[PDB]
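Coming up is one lone chain in structure tokens, specifically the form deposited without this ligand.
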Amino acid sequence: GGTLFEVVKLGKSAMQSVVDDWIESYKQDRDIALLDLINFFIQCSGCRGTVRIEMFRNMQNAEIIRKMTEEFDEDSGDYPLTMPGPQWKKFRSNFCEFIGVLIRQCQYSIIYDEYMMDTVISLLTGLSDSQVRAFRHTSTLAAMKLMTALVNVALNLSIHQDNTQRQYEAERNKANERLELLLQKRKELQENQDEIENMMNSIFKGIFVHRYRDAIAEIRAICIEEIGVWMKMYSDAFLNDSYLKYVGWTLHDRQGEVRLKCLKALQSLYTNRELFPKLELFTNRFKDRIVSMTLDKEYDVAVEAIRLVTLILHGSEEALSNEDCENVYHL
């Protein structure tokens, strides 16, 4: 038998096989599986200690992490997410795929049992508050991929909410048994949405708003890259000023890798002219910074800024030609 961390690092079986094998143990004994998942995030950070079942039942995440820094048993500053080579690069990919597939497989029952998600989010939040860069880096990446997976759960719920509403109207156009059943299912799917958004809110207010301004460049880059993913995949909920402000504030970052994450996050939004009204205030506010980054001392940052400024110019009122609108509306 191999630990949950050692299976993902090896990457022999598909991540879904590891996820399904864990879910089966969760249905056999919730505490044993959660202890394995807790140790998975601990050991993915390079820590070689092991959370005992007695600690998981009697300690808070605060004391548990303090004990695991004692038992880290390292020989250098390295931890898996900073290890060179394509081997640990596939680990990072497998580590992220495991988090996404886990929530994808749990999204229809287990995610709502008020035990797994509360345990996982509390652990990642505590690890994101630790001064140990290995714990803070690993959990921040895990929380960002966890949020994206939860966004996908919210998109499925909305699709399901609309179809349940369509089914309710189809039945109503004929109360009886099926009409009561469809109403309760609508009420159920609405309560699911409030739980998923409560989890996403816990991750954002508890981890993101602190780690986006982390002292380490790649931790800021991890947060900026994922908030751009959320705004692209769920623009109706995430593409607004209260979320864009974090990307705009980070445009002035001292590290080019972080400024590049900001520009690439904005670029995928500005390629869709249907999102320009949602970006108008942001464009007006950060216009001067974005054009100034076109001559950034980092080549990749400047190229992306020129690419971004080109989209902004092409979607403005100045790019609207008279002869073309006369051409479309002739005769």
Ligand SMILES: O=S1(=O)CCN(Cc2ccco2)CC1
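Each form is matched to the other, and the largest set of C-alpha atoms that superpose within 1.5 Å is called the rigid core. Numbers follow the displayed sequence, beginning with 1.
A second form of this protein, the form solved in complex with this ligand, is not displayed here; the remarks below concern that form.
None of 75 to 83, 226 to 234, 212 to 220, 252 to 260 except one has non-hydrogen atoms within 4.5 angstroms of this ligand in the deposited complex; the exception is 226 to 234.
Site annotation in the deposited complex: the residue of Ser158, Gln87, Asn176, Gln184 reaching within 4.5 Å of this ligand with a heavy atom is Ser158.
The contact with this ligand in the deposited complex, taken as any heavy atom within 4.5 Å, belongs to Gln193 out of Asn94, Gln167, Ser202, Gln193. Though the partner is left out of this view, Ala154 does reach within 4.5 Å of this ligand in the deposited complex, counting heavy atoms only.
Superposed on the rigid core, the two forms differ between the shown form and the other one by 2 Å or more at the C-alpha of one listed residue only; from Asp118, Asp73, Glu188, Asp78 that residue is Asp73. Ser25 shows a C-alpha shift below 2 Å between the shown form and the other one [criterion: core-superposed Cα displacement of 2 Å]. Once the rigid core is overlaid between the shown form and the other one, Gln87 counts among the residues whose Cα shifts by 2 Å or more. Superposed on the core, the two forms differ at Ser13: its CA moves 2 Å or more between the shown form and the other one.
A shift of at least 3 angstroms brings the Cα atoms of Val101 and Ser13 nearer to each other in the deposited complex than in the displayed structure.
Look at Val8 and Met199: in the deposited complex their Cα atoms move 3 Å or more farther apart than in this form.
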